[PDB]
Amino acid sequence: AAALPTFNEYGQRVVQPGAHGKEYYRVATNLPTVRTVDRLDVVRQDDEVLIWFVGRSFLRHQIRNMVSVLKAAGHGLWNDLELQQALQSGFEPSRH
Amino acid sequence: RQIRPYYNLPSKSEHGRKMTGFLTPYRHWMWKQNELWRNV
Amino acid sequence: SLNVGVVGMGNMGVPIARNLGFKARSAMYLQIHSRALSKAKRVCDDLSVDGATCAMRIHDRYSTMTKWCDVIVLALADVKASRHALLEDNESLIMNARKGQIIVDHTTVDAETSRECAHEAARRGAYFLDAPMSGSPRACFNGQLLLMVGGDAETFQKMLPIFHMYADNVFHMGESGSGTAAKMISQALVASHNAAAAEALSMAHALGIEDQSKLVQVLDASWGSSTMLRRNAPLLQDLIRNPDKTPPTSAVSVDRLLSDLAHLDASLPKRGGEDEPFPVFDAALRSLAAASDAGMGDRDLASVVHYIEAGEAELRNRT
Amino acid sequence: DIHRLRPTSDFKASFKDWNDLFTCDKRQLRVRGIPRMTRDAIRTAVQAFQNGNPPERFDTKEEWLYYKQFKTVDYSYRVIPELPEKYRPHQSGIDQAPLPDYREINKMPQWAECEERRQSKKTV
Amino acid sequence: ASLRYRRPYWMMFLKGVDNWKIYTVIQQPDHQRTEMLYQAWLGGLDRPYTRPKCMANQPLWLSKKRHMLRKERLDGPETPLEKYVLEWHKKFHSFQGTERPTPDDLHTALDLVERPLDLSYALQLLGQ
Amino acid sequence: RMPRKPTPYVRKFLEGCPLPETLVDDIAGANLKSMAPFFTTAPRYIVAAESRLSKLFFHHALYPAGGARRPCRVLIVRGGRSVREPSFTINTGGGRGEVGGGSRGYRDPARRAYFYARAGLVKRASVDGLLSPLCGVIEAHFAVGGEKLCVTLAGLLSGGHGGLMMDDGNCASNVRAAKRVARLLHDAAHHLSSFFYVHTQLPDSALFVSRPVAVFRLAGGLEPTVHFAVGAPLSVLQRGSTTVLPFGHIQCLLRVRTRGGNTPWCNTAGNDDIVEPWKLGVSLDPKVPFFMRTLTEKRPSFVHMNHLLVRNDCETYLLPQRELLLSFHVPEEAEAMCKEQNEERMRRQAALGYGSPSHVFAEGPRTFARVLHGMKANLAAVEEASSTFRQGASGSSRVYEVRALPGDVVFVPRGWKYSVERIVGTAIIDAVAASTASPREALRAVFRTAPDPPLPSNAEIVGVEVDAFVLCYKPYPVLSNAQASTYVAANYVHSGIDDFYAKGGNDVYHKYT
Amino acid sequence: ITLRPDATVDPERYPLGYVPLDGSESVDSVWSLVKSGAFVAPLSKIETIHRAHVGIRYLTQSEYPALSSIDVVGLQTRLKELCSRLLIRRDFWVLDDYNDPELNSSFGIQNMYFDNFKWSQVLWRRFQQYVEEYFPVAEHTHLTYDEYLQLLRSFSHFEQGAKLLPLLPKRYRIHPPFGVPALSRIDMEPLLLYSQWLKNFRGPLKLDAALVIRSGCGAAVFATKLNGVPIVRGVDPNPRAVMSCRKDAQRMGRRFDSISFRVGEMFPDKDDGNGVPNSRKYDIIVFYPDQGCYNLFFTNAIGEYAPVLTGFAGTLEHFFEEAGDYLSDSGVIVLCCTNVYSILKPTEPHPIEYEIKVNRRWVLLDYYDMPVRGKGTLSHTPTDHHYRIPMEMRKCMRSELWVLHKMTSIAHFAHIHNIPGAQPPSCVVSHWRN
RNA sequence: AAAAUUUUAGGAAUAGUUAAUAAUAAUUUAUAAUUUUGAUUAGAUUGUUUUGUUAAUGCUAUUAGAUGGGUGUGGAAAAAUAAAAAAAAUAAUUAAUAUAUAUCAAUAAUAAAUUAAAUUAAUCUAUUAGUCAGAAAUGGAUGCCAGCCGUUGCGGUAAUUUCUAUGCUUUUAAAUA
Ligand SMILES: [Mg+2]
């Protein structure tokens with residue numbers, strides 16, 4: 001949306017090269033981060049919660065981040081919109 | 001501004017104003033008194 | 001318009017109905033009730049002979065007064081008579097109250113009495129106002145009284161032109177029960193300032209000051225000034241310089257003050273845990289009680305000066 | 001109280017008696033919690049009664065409420081009617097002018113029939 | 001409180017119209033069609049007609065025609081008194097008439113009473 | 001011009017959307033330009049604004065611009081109740097002049113809000129504060145033998161019928177007024193505590209005379225009036241020698257309790273031991289988690305009397321004193337008139353074969369016939385949505401449930417039936433718990449605004465309360481075919497209304513003679 | 001929202017699941033359709049659904065008047081129920097008055113925020129891509145009109161700025177992306193009292209490292225840096241609000257440099273014992289909680305093994321428990337509320353007075369209150385209906401401010417409690433000992 | 001009614017047209033009128049010794065206004081909206097606030113202005129910092145790597161470097177005079 005044509009502060013038409021067609025119709029990821037979790041169960045036992053992750057391959061700290069997201073959801077902090085935006089945010093290649 | 005007192009002639013009219021400018025002779029007399037006091 | 005009905009004719013009950021007959025120029029209908037029908041017929045004849053502008057009715061029971069009048073105002077003698085007329089009777093004004101009626105009580109009663117009267121009137125749907133009177137009967141005749149109305153706010157705003165017909169100073173204390181407490185606090189301050197003025201003039205005579213007419217002029221311009229100090233000091237000068245002289249009788253007496261002070265200790269919470277959470281209040285009350293039983297009860301309120309040391313007698317021996 | 005925007009009769013509880021009403025200036029009317037037009041009307045009525053003019057004026061509330069319901073832009077006591085989009089009967093669906101049934105309206109009424117029967121009884 | 005500057009000057013002292021806001025926007029073409037269809041809705045005209053620009057009511061020649069063309073409410077008079085009522089309205093109830101009736105003309109209407117329905121027609125001429 | 005500071009950039013020209021004048025003109029009922037065809041029986045809600053509703057706009061609200069013949073709608077006006085003081089003549093002063101006539105409407109509202117900061121008691125106002133001393137002198141007229149109270153209630157019925165529809169043959173009015181209350185007391189004998197509703201005149205205890213010829217005034221000093229009410233009020237003859245009643249057009253809607261043989265309270269309840277069916281997918285949290293519904297009181301169980309208040313001789317203006325629920329049963333002639341008018345307009349304006357699509361708003365060229373069919377189908381959806389179908393005796397009609405508050409004006413036409421119930425509070429229903437069971441089990445918080453009901457052959461009159469003031473006006477004229485064909489609303493935007501309601505209807509040759 | 005026509009009211013006459021409007025019937029006829037549970041969406045123009053949106057919200061308040069505290073929570077539940085039925089289609093660009101490229105005319109609230117030439121030429125396309133991120137064309141065949149109005153207001157915050165007046169001096173603007181609740185005129189006044197408090201009590205109290213909890217749009221974080229606090233850190237559970245607040249800190253000049261934003265539920269992590277982040281102790285911790293009409297009423301306890309409170313009292317007891325582990329000694333906590341918990345819920349006891357008198361973990365050092373000066377909505381969740389405060393509730397509301405310190409740090413603030421004009425509790429006067 | 005004085009980095013044509021006239025309301029006459037001493041059109045565009053600066057007859061800024069089809073009314077169209085310009089009986093003329101408070105209501109600070117130095121009295125508080133010579137900052141920006149090597153997602157690694165505020169209205173960096 002920011003790379004679409006817009007009139008600037010002086011009124012002249014500017015257009016960024018992101019909304020051109022090569023960067024406009026650009027796929028999201030390039031690394032094989034598309035993974036399968038076959039089973040994800042949250043079971044309330046007596047005095048504890050058990051989060052079962054059944055999947056063939058997992059990424060680095062994927063389970064420990066999904067547990068934090070599920071704990072934040074258990075306190076009632078997100079909605080469907082924030083979860084979808086976090087899932088479509090993708091991979092972030094920076095530690096800070 | 002022309003004063004419309006409550007004891008003027010009322011116009012029983014639903015298509016206009018509810019009080020006319022028709023005075024009482026006491027109002028005429030006191031208006032003449034105030035007219036003379038302005039005339040000085 | 002609103003129909004008004006005044007209940008009770010005593011020394012203070014008559015001029016309220018007289019002013020309601022005078023100032024209401026046939027706009028608000030007047031009804032008169034009394035403890036006896038002969039007194040009500042007498043005050044109706046007295047209102048008729050001197051010039052009556054509004055029609056007035058005479059009733060022997062409270063039921064016609066309830067079913068006819070919107071506003072009921074009561075001016076009785078004692079607390080128990082108003083308690084009998086308002087709650088304890090079978091044809092009671094509050095127990096048979098109409099929804100929207102306004103019942104004002106001008107008697108000095110206890111706090112629990114006004115509380116239960118307001119509770120019964122709020123359950124019946126009516127509005128009860130407690131507005132105890134402060135002033136003289138001739139000041140009530142001239143139209144100067146002090147009223148402390150407790151009750152509803154908009155009901156108090158509805159009763160302001162009726163209250164202004166026989167009183168100049170009409171104040172709103174707040175909710176019900178706050179109007180009957182203001183007279184208690186006022187007469188407690190009257191007793192405390194009278195005791196303080198008596199002790200101060202006793203110490204003035206002890207110090208040897210011969211000019212008291214100039215002492216009251218400076219004491220009125222100081223921070224220890226009071227209206228009771230202006231009131232009692234010319235009598236207290238003669239009662240100090242002539243201690244054998246008997247004090248003269250007044251309209252306000254020691255028993256008249258103690259009758260309203262007898263409502264306060266019943267309306268206050270229990271003092272028995274600390275045995276004295278009110279030092280100068282009981283210090284004035286013991287002096288008034290020592291002035292009452294010695295034969296000076298019906299006389300003036302300046303008789304405390306001979307019983308200042310008698311107020312110490314219930315403090316040294318009871319402890 | 002003659003004006004709609006000067007509710008003078010709403011502040012009867014803001015004064016204790018006659019002298020308190022007649023001795024208060026506009027600053028004391030401001031600190032009592034009175035709006036500007038209302039306290040101006042109160043002070044003007046008091047100063048007019050002091051000059052010998054009692055408040056004898058016509059209440060202009062209902063007349064202005066009548067004149068408010070039209071679309072005068074300046075509230076100048078004129079009458080400006082609203083024109084709707086369809087002001088003729090032919091465009092509101094009515095095809096033509098309604099014809100009256102001339103045989104129905106030319107029948108004799110019931111009192112006329114009763115009087116004809118009474119005449120036929122009394123003549124014979 | 002005058003409408004001197006709110007409406008055109010030919011509407012000066014104008015009262016009793018249906019809606020005077022109609023005749024300020026007649027010259028617009030969607031309202032010009034509505035006026036000519038209304039004159040056909042009122043009848044009495046063989047050609048398309050619009051009322052003049054400086055007139056709010058109908059003209060005097062046009063309302064005279066529609067009053068003369070209007071069929072009377074009483075059709076088929078049986079009694080000669082009922083024929084005299086139709087002669088009363090053509091003479092003493094015409095459009096913008098000037099001549100008044102005569103007390104001798106009321107005597108003619110009071111001499112033709114045959115049925116009790118005729119007294120209702122005759123006494124209403126006595127009230128006029 | 002205006003002083004504007006120069007900027008080296010471009011200028012923003014906003015065309016921002018305001019509050020529409022047509023929207024507030026339609027809500028306040030003062031539009032006078034909306035041409036609305038397809039006359040319906042659904043009720044119309046009008047929020048009364050300050051100085052926006054008068055007799056001129058309410059006449060067009062009764063008779064709309066489409067050429068109606070009869071005011072066949074219930075008209076709810078939120079906050080339209082007016083209060084009038086009595087007028088009197090000043091003998092003193094500079095001359096003789098009449099003052100005192102004023103309206104307390106639109107400025108002093110009912111039920112002032114009580115907000116304060118400090119099973120649970122909150123502060124509210126359920127009764128109208130202005131007319132409550134007027135309600136008190138009516139409720140004390142019935143306060144107490146029992147036969148004297150029964151003949152007092154039978155002697156004060158409105159017109160002998162009191163709104164109730166009962167078959168009475170070979171019987172005068174004074175015996176009919178006793179037979180109706182005898183039927184009510186025979187019907188309410190089986191329940192320990194029940195109630196019924198009647199229309200009553202004002203008693204003599206509420207009317208006092210004043211010496212100046214003779215002027216009667218109300219006991220509370222205030223008169224409940226409607227300033228936008230058109231026509232003339234209903235005149236009833238006093239029987240005791242027939243003269244007019246002084247306040248006969250102001251009537252009362254009495255609820256009477258039977259015996260046989262301002263602090264609301266809120267409580268939050270808990271429970272011990274497919275959520276959104278309109279939504280396609282499954283959501284992590286529901287969009288509407290809670291519902292709010294109006295709580296009504298319990299009706300005792302039910303041959304059975306009609307218990308419907310019908311005024312066949314007058315137009316009704318209901319001014320409620322408490323929160324009520326009115327279930328209006330539509331008469332058959334009104335819906336038959338609306339049906340024949342709508343189908344006449346459909347066969348006149350839309351003579352095309354319409355193409356027969358799947359539904360009304362289908363894809364295709366929107367002709368005049370398709371627009372008319374879509375508007376008629378939307379009107380039918382509005383009628384089916386806002387109403388329910390009940391059964392009577394072999395009879396069925398529309399029932400419109402209307403929530404009436406203190407301070408409103410509910411115009412009911414003649415011939416319309418209605419049941420009246422008292423609103424007791426407000427509940428909150430969880431939407432996830434109501435997906436499995438009834439909403440009675442899904443209650444989360446319940447506010448009870450009415451703590452009323454106490455618990456201390458024939459039946460005995462226990463008490464009498466007034467729930468509404470009924471202003472009865474003379475029956476508004478029903479236009480004929482020729483009168484409605486020539487009725488144009490643009491002739492009635494300024495004048496001609498009092499002649500429209502004084503004379504019968506309008507003139508057939510009005511303004512084109 | 002994608003409709004399911006089988007669960008609707010009339011699936012035979014209206015097989016699409018909703019009732020199209022066509023802009024001919026009155027608003028109360030639409031209001032009777034929505035009260036019966038039927039969905040409505042515009043057929044041709046946005047003006048039909050916009051006139052149906054304003055009129056229904058005015059008609060519902062006329063039927064349920066706000067007469068007490070229990071009438072406002074019922075009206076908010078009813079308005080949330082009815083405004084969800086007022087739909088608009090997903091492809092809003094096929095409607096008639098969306099934009100006209102020749103007359104430069106459009107209907108909607110975009111005319112209040114954007115130019116007519118800028119919208120009808122270039123900004124109608126940028127708004128079409130702005131909706132696609134949050135509400136895609138696949139998952140949604142229809143949108144709530146309140147979601148459409150919030151997307152237009154948040155597109156203005158994305159395009160241009162949003163000034164925080166009178167909190168920020170006319171040139172510092174924030175950009176809340178979507179779903180981040182911005183502050184109204186009523187919501188600014190608890191932060192205006194706090195900004196006057198921080199302007200005077202910085203230096204007598206030596207406030208250096210501030211911590212802001214539940215920042216939201218970040219308006220509480222930027223007001224602390226302006227008053228002279230050098231080190232501020234914000235914690236917000238919304239990740240998109242954290243990215244936007246730190247981007248606006250770079251946009252707002254060089255005097256907002258030591259500002260940091262992390263994602264945390266209420267407090268920071270404080271889980272690593274070997275990394276020792278316990279050395280970062282703050283001397284002032286700010287909390288500006290949200291007060292929604294559904295949040296203040298349903299406060300009750302839940303949980304068997306971990307008994308916890310819900311709502312506003314459960315949010316306060318989370319703040320009152322964990323703040324001692326992140327505070328330094330001789331440090332204070334500042335709470336900014338709006339006195340609506342005492343108005344909308346008067347039967348329950350005071351939740352802040354329940355911590356001081358009962359739990360005895362904090363000491364009331366200072367408390368301020370100020371009446372509410374402006375009008376508007378209060379703690380508005382973004383994708384819901386707008387509800388402005390009525391007059392009788394607005395004159396009773398007050399902007400509160402509570403300053404508490406630790407029970408263990410009485411001896412440091414003992415010389416603050418013995419000054420004239422202060423109210424020391426019974427526990428502080430036992431520890432002073434003259 | 002008249003005189004009079006505008007600008008364009010790449011400089012050329014203009015016209016309901018000029019004068020005469022027994023001509024209101026021009027059926028005629030003429031070798032007509034503007035323009036290279038810069039026209040018409042197009043672009044920019046209220047003007048104004050009122051602003052700012054300087055040694056400066058230099059450079060640089062401006063917000064008084066007007067408005068051939070809305071109504072021939074009115075003396076004059078200036079008429080769809082303005083805290084006064086008090087508007088035909090002294091409404092008020094002591095004063096200061098002169099407005100909020102014309103107090104509710106769909107509605108959003110997008111936007112419009114503005115930039116201190118008391119406007120009644122009922123006692124009683126006012127007055128940035130334990131100073132930071134440069135040392136500090138879970139304060140920004142910021143990754144890289146093959147593990148004998150398959151979607152197992154271990155580790156180096158609590159990564160290291162680069163820009164910083166502040167003092168210090170004795171003031172320092174950027175543009176202009
Ligand atoms: Mg020639």
# chains A, B, ... in the order shown; residues from 1 in each chain; ligands from 1
call {"tool": "residues_near_ligand", "arguments": {"ligand": "ligand 1", "cutoff": "10 Å", "atoms": "only C-alpha atoms (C1' of nucleotides) and all ligand atoms", "output": "list in words"}}
result
residues 20, 21, 28, 29 and 30 of chain H
call {"tool": "write_last_selection", "arguments": {"atoms": "N, CA and C atoms (P, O5', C5', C4', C3', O3' and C1' of nucleotides)", "output": "PDB file, in the first residue's frame"}}
result
ATOM      1  P     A H  20     -16.586  59.108 -32.826  1.00  0.00           P
ATOM      2  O5'   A H  20     -17.290  59.377 -34.231  1.00  0.00           O
ATOM      3  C5'   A H  20     -16.869  60.445 -35.064  1.00  0.00           C
ATOM      4  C4'   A H  20     -17.442  60.337 -36.457  1.00  0.00           C
ATOM      5  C3'   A H  20     -18.930  60.585 -36.593  1.00  0.00           C
ATOM      6  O3'   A H  20     -19.260  61.961 -36.566  1.00  0.00           O
ATOM      7  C1'   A H  20     -18.303  58.718 -37.906  1.00  0.00           C
ATOM      8  P     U H  21     -20.324  62.514 -35.500  1.00  0.00           P
ATOM      9  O5'   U H  21     -21.718  61.965 -36.033  1.00  0.00           O
ATOM     10  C5'   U H  21     -22.151  62.233 -37.358  1.00  0.00           C
ATOM     11  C4'   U H  21     -23.171  61.221 -37.807  1.00  0.00           C
ATOM     12  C3'   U H  21     -24.385  61.082 -36.908  1.00  0.00           C
ATOM     13  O3'   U H  21     -25.356  62.087 -37.130  1.00  0.00           O
ATOM     14  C1'   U H  21     -23.554  58.935 -37.448  1.00  0.00           C
ATOM     15  P     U H  28     -25.356  47.512 -44.020  1.00  0.00           P
ATOM     16  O5'   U H  28     -25.338  49.078 -44.304  1.00  0.00           O
ATOM     17  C5'   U H  28     -25.663  49.592 -45.587  1.00  0.00           C
ATOM     18  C4'   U H  28     -25.316  51.055 -45.692  1.00  0.00           C
ATOM     19  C3'   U H  28     -23.833  51.382 -45.714  1.00  0.00           C
ATOM     20  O3'   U H  28     -23.303  51.288 -47.023  1.00  0.00           O
ATOM     21  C1'   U H  28     -24.982  52.834 -44.218  1.00  0.00           C
ATOM     22  P     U H  29     -21.783  50.845 -47.266  1.00  0.00           P
ATOM     23  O5'   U H  29     -20.937  52.117 -46.821  1.00  0.00           O
ATOM     24  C5'   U H  29     -21.029  53.341 -47.532  1.00  0.00           C
ATOM     25  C4'   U H  29     -20.225  54.413 -46.851  1.00  0.00           C
ATOM     26  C3'   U H  29     -18.767  54.071 -46.625  1.00  0.00           C
ATOM     27  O3'   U H  29     -17.979  54.272 -47.780  1.00  0.00           O
ATOM     28  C1'   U H  29     -19.685  54.976 -44.641  1.00  0.00           C
ATOM     29  P     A H  30     -16.999  53.110 -48.282  1.00  0.00           P
ATOM     30  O5'   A H  30     -15.663  53.375 -47.461  1.00  0.00           O
ATOM     31  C5'   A H  30     -15.085  54.669 -47.437  1.00  0.00           C
ATOM     32  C4'   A H  30     -14.167  54.853 -46.256  1.00  0.00           C
ATOM     33  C3'   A H  30     -13.232  53.701 -45.938  1.00  0.00           C
ATOM     34  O3'   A H  30     -12.114  53.637 -46.803  1.00  0.00           O
ATOM     35  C1'   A H  30     -14.195  54.516 -43.942  1.00  0.00           C
TER      36        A H  30
END
call {"tool": "interface_residues", "arguments": {"of": "chain B", "to": "chain D", "cutoff": "6 Å", "atoms": "only C-alpha atoms", "output": "ChimeraX atom specification"}}
result
/B:4-6,17
call {"tool": "write_last_selection", "arguments": {"atoms": "N, CA, C and O atoms", "output": "PDB file, in the first residue's frame"}}
result
ATOM      1  N   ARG B   4     -44.705  45.123  24.404  1.00  0.00           N
ATOM      2  CA  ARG B   4     -45.994  44.441  24.375  1.00  0.00           C
ATOM      3  C   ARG B   4     -46.336  43.963  25.778  1.00  0.00           C
ATOM      4  O   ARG B   4     -45.850  42.904  26.205  1.00  0.00           O
ATOM      5  N   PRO B   5     -47.154  44.687  26.531  1.00  0.00           N
ATOM      6  CA  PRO B   5     -47.539  44.224  27.865  1.00  0.00           C
ATOM      7  C   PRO B   5     -48.552  43.090  27.779  1.00  0.00           C
ATOM      8  O   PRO B   5     -49.139  42.818  26.733  1.00  0.00           O
ATOM      9  N   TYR B   6     -48.741  42.421  28.917  1.00  0.00           N
ATOM     10  CA  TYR B   6     -49.648  41.282  28.977  1.00  0.00           C
ATOM     11  C   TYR B   6     -51.110  41.694  28.854  1.00  0.00           C
ATOM     12  O   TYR B   6     -51.937  40.876  28.439  1.00  0.00           O
ATOM     13  N   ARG B  17     -49.064  35.796  15.360  1.00  0.00           N
ATOM     14  CA  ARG B  17     -48.655  36.231  16.685  1.00  0.00           C
ATOM     15  C   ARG B  17     -49.849  36.271  17.628  1.00  0.00           C
ATOM     16  O   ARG B  17     -50.984  36.524  17.216  1.00  0.00           O
TER      17      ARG B  17
END
call {"tool": "select_by_dssp", "arguments": {"residues": "segment 287-371 of chain F", "states": "strand (DSSP E)", "output": "short mmCIF file (atom, residue, chain, number, x, y, z; two decimals) with N, CA, C and O atoms, in the first residue's frame"}}
result
data_model
loop_
_atom_site.label_atom_id
_atom_site.label_comp_id
_atom_site.auth_asym_id
_atom_site.auth_seq_id
_atom_site.Cartn_x
_atom_site.Cartn_y
_atom_site.Cartn_z
N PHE F 290 -22.42 -11.49 24.65
CA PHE F 290 -23.55 -11.39 25.57
C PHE F 290 -24.75 -10.77 24.86
O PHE F 290 -24.60 -9.98 23.93
N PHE F 291 -25.93 -11.15 25.32
CA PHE F 291 -27.19 -10.60 24.86
C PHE F 291 -27.84 -9.80 25.97
O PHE F 291 -27.55 -9.98 27.15
N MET F 292 -28.73 -8.89 25.58
CA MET F 292 -29.55 -8.14 26.53
C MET F 292 -31.01 -8.28 26.12
O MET F 292 -31.35 -8.03 24.96
N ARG F 293 -31.86 -8.67 27.06
CA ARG F 293 -33.28 -8.84 26.81
C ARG F 293 -34.08 -8.13 27.89
O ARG F 293 -33.62 -7.98 29.02
N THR F 294 -35.28 -7.70 27.53
CA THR F 294 -36.15 -6.98 28.45
C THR F 294 -36.96 -7.99 29.26
O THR F 294 -37.54 -8.92 28.70
N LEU F 295 -36.98 -7.79 30.57
CA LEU F 295 -37.68 -8.69 31.48
C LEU F 295 -39.09 -8.18 31.74
O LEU F 295 -39.28 -7.04 32.16
N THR F 296 -40.08 -9.04 31.51
CA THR F 296 -41.47 -8.71 31.75
C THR F 296 -42.02 -9.56 32.90
O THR F 296 -41.46 -10.60 33.25
N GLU F 315 -59.53 8.17 19.66
CA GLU F 315 -58.11 7.96 19.40
C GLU F 315 -57.34 8.06 20.70
O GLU F 315 -57.62 8.94 21.53
N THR F 316 -56.36 7.18 20.89
CA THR F 316 -55.72 6.98 22.18
C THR F 316 -54.31 7.56 22.16
O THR F 316 -53.54 7.29 21.24
N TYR F 317 -53.99 8.37 23.17
CA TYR F 317 -52.62 8.80 23.42
C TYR F 317 -52.22 8.27 24.79
O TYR F 317 -52.71 8.75 25.82
N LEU F 318 -51.36 7.25 24.80
CA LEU F 318 -50.90 6.65 26.04
C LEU F 318 -49.67 7.40 26.53
O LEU F 318 -48.68 7.52 25.80
N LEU F 319 -49.74 7.92 27.76
CA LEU F 319 -48.59 8.50 28.44
C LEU F 319 -48.24 7.56 29.59
O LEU F 319 -48.91 7.60 30.63
N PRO F 320 -47.24 6.69 29.44
CA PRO F 320 -46.96 5.72 30.49
C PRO F 320 -46.32 6.36 31.71
O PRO F 320 -45.58 7.34 31.62
N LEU F 324 -43.62 -0.20 30.47
CA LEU F 324 -44.65 -1.14 30.04
C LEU F 324 -44.25 -1.82 28.74
O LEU F 324 -43.42 -1.31 27.97
N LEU F 325 -44.84 -2.98 28.51
CA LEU F 325 -44.76 -3.69 27.24
C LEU F 325 -46.17 -3.81 26.69
O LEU F 325 -47.03 -4.43 27.33
N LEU F 326 -46.41 -3.22 25.53
CA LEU F 326 -47.72 -3.22 24.91
C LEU F 326 -47.70 -4.13 23.69
O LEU F 326 -46.91 -3.91 22.76
N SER F 327 -48.54 -5.16 23.70
CA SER F 327 -48.67 -6.07 22.58
C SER F 327 -49.91 -5.65 21.80
O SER F 327 -51.04 -5.86 22.24
N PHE F 328 -49.68 -5.03 20.64
CA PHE F 328 -50.75 -4.53 19.79
C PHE F 328 -51.19 -5.63 18.82
O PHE F 328 -50.37 -6.14 18.05
N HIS F 329 -52.47 -5.98 18.89
CA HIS F 329 -53.12 -6.82 17.90
C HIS F 329 -53.78 -5.92 16.86
O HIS F 329 -54.61 -5.06 17.21
#
call {"tool": "residues_around", "arguments": {"residues": "segment 99-102 of chain E", "least_positions_apart": "4", "cutoff": "12 Å", "atoms": "only C-alpha atoms (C1' of nucleotides)", "output": "count of residues only"}}
result
16
call {"tool": "residues_around", "arguments": {"residues": "segment 8-17 of chain D", "least_positions_apart": "3", "cutoff": "8 Å", "atoms": "only C-alpha atoms (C1' of nucleotides)", "output": "JSON, numbers by chain"}}
result
{"C": [157, 160, 164, 168, 169], "D": [1, 20, 21, 32, 34, 38, 41, 42]}
call {"tool": "interface_residues", "arguments": {"of": "chain F", "to": "chain G", "cutoff": "7 Å", "atoms": "only C-alpha atoms", "output": "VMD selection string"}}
result
chain F and resid 12 to 17 23 44 to 45 47 78 112 to 118 120 123 to 124 277 to 280 288 290 to 292 359 382 385 to 386
call {"tool": "interface_residues", "arguments": {"of": "chain E", "to": "chain D", "cutoff": "9 Å", "atoms": "only C-alpha atoms", "output": "JSON, numbers by chain"}}
result
{"E": [1, 2, 3, 6, 19, 20, 21, 22, 34, 35, 37, 38, 41, 42, 73, 74, 75, 76, 115, 116, 117]}
call {"tool": "residues_around", "arguments": {"residues": "residue 371 of chain F", "least_positions_apart": "2", "cutoff": "12 Å", "atoms": "only C-alpha atoms (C1' of nucleotides)", "output": "PyMOL selection string"}}
result
(chain F and resi 346+349-350+354+360-362+364-369+373-378) or (chain G and resi 20-24+43)
call {"tool": "interface_residues", "arguments": {"of": "chain B", "to": "chain H", "cutoff": "7 Å", "atoms": "only C-alpha atoms (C1' of nucleotides)", "output": "JSON, numbers by chain"}}
result
{"B": [2, 3, 31]}
call {"tool": "interface_residues", "arguments": {"of": "chain A", "to": "chain G", "cutoff": "12 Å", "atoms": "only C-alpha atoms", "output": "number ranges by chain"}}
result
A: 1-9, 11-15, 19, 24, 44-49, 68-69, 71-89, 96
call {"tool": "residues_around", "arguments": {"residues": "segment 120-128 of chain H", "least_positions_apart": "5", "cutoff": "12 Å", "atoms": "only C-alpha atoms (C1' of nucleotides)", "output": "list in words"}}
result
residues 25, 26, 27, 28 and 31 of chain D; 198, 199, 200, 201, 202, 203, 204, 227, 228, 420 and 421 of chain G; 95, 96 and 97 of chain H
call {"tool": "closest_atom_pairs", "arguments": {"of": "chain H", "to": "chain E", "cutoff": "9 Å", "atoms": "only C-alpha atoms (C1' of nucleotides)", "output": "Markdown table"}}
result
| residue | atom | partner | partner_atom | distance |
| --- | --- | --- | --- | --- |
| H:71 | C1' | E:8 | CA | 5.5 |
| H:72 | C1' | E:9 | CA | 8.7 |
| H:73 | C1' | E:9 | CA | 6.3 |
| H:79 | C1' | E:5 | CA | 8.5 |
